[PDB]
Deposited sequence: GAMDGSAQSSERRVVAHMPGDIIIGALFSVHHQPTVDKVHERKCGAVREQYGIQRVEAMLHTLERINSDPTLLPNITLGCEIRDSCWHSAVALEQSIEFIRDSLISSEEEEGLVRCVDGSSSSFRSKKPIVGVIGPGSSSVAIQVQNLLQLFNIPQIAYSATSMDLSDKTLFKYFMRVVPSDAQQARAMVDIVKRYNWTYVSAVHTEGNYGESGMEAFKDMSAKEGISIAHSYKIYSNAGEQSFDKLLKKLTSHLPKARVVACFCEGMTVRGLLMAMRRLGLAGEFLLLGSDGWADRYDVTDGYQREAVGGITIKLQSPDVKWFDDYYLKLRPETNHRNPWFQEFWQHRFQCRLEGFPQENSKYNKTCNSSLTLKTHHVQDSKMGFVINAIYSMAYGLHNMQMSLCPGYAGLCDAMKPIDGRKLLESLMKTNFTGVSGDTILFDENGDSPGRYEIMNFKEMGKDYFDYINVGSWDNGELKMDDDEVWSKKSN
């Protein structure tokens, strides 16, 4: 399997979903699907460039250069574990950024903790991961769904819904979030018509059946609480197309969906009215400058880039598509920054600041790695990381609590019709530390 290498005195690992998860037919081979941009190439590229900026910043880790080993998770548990094994055999991997998904992160954490390797996630939101007896070497730069689910329960109350349906994605994210939503909503007098679950990669038939099952609760249960992966919502949408059910349901979705266009593209009419929750994360300015200048002929250090470029533009590079890649192709056309970019970048910084701090205490008057950090002791790195206190890429303070969690907040999107045949995500409200505010 392909890997992205950056040399250094210290090597940080990372798992990003450079390709989609395998299909039912190629699962056991663990042959992954198509190359991903926002969730893959962009995060890979973020990783490499953040490391450059840190290595160029003399305030942070002076005379030490951070290198990395970036690996493909395919958003899949087998693939991520396989790849995590490559991290632990046995120059060492000091800590790992990612992976994206709660149940995948858990599987990864189960391996890493046996090797005292701190792991810092940027999108794994499940409450389960707050348990430090079970997941001691796991931390994250996002809040847990104790709050997200709370926000979803609060949106239901605000709009005066007492009767809803529930769908969650199979696996720890959906399962655990929906548990929280089911519990909170029962105390607050909200009835759940039925709770359904489905895997994001189920066939059209499974989704069709789920859609028919949801119609049986019409007209009372037209709102569907979806603690769902983006690809589960898309499945629901496409099933609505096949069954001609556009305008029957209002989907209330969690962060798997947020403001993701790949979820709704091609299926806007069936999604319109949708309410989604997004974790507050501003664009990082300096990412686009770097990224939109990248060229397939000279971006060798990212070994998936040529594959991605050819996919994006549907062309062959003069280094199977029916055309050749034009010289004037640029990413600035239709560019959309990954909604979680700031989290990725902040996760990478936590690791660096964790390392820098350790260095200051264990190497008090020395420049670089002194014997006491040769080699780095994971248990002390975790102590250092657990006391994370810094200013983020976007100017917020990033701090960890005793559970390895981080404060955050949410934007509430409505997916609106903005005029004939044109739809978009519109910020309509927010949720922060218990307070819902709508426009």
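By the record, the deposited chain contains unmodelled runs at 1-12, 103-127, 357-362, 483-492, with no C-alpha atoms placed there.
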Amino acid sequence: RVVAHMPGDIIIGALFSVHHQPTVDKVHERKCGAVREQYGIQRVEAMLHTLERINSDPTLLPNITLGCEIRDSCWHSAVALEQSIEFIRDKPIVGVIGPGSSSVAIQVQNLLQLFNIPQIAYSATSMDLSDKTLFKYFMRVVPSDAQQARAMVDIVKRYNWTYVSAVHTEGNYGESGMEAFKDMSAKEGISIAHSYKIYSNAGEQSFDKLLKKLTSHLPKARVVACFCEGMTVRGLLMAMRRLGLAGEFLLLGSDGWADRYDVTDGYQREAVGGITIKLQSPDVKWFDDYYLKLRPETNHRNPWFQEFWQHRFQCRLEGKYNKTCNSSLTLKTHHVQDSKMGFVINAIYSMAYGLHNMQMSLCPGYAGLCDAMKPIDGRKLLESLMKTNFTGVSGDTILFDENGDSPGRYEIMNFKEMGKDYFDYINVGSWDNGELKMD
From here on, numbers count along this sequence of modelled residues.
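When the two stretches 320-328 and 338-346 are set side by side, the higher mean Cα temperature factor goes to 320-328. Across the two stretches, 20-28 and 423-431, the PDB entry reports the greater mean Cα temperature factor for 20-28.
The PDB entry gives the largest Cα B-factor of the residues 308, 227, 286, 122 to 286. In this entry, the residue among 282, 98, 118, 274 with the greatest C-alpha B factor is 282. The deposited CA B-factor of residue 56 belongs to the highest third of values across its chain. Among all modelled residues in its chain, residue 187 ranks in the highest third by Cα B-factor. In the deposited entry, the Cα temperature factor of residue 255 sits in the bottom third of values across the chain's modelled residues.
Ranked by Cα temperature factor within the chain, residue 169 sits in the lowest third according to the deposited record. In the deposited entry, the Cα temperature factor of residue 313 sits in the top third of values across the chain's modelled residues.
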